[PDB]
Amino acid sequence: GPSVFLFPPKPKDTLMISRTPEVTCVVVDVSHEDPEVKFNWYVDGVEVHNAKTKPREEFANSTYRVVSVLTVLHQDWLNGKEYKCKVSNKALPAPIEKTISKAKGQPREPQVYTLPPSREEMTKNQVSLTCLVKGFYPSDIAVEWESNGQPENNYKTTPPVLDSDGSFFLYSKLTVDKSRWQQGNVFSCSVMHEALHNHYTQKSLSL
């Protein structure tokens, strides 16, 4: 019948105390003639009742989609506490139990190296800046680009890749005009990982 998916909190939400993290239980393909679902959240076995059910959606399919959100404590997720979502539906015989938690294992603090473009690239109106982030565990991490305080435009970050030493790495590419590189402006790679100091580090790249 209906399928159930559990989505962990965004890394940036857990690494900054100022921000609000939350585990998300999304159950889809719930039948049109069975609107009533029943969530049961469990933090390390202990059932909690501070969750909140977002408003539901009707699709072209006509199969309704119900989402329940539980706000968590940053340290509780950082401590690797298990979160278990139990979805109960009138169509299914047995409720669907799902479980999500922080990736288990000895954490490693990422090293971050900024790499300038190549001469061969210079010929072009738009050159690329590279940020190498390697040797981090787990895969949870958030990387951004900025210049002179405000966020930078046109960057993409590649997914985490499993490396030889059992750790992850990634590369982030920021596309800027040849001018802004030759004009002497200074850009910055902001890396946010839990094993870092204050869950934050920053490397400045410039001509």
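We number the residues from 1 along the sequence you see.
- Looking at 61-69 and 138-146 together, the entry lists the larger mean B-factor for 61-69, computed on C-alpha atoms.
- 21-29 and 187-195 differ in mean CA B-factor, and the higher of the two is recorded for 21-29.
- Residues shown: 104, 108, 98, 74. Highest C-alpha temperature factor in the entry: 98.
- Take 171, 155, 168, 41 and read off each C-alpha B-factor from the entry; 41 has the highest.
- Sort the chain's modelled residues by C-alpha temperature factor and residue 80 lands in the lowest third, per the entry.
- Per the PDB record, residue ranking by Cα B-factor puts residue 51 in the middle third of the chain.
- In this PDB entry, residue 35 carries a Cα temperature factor that places it within the highest third of its chain's modelled residues.
- The deposited CA B-factor of residue 164 belongs to the lowest third of values across its chain.
- Residue 3: CA B factor lies in the highest third for its chain, per the PDB record.
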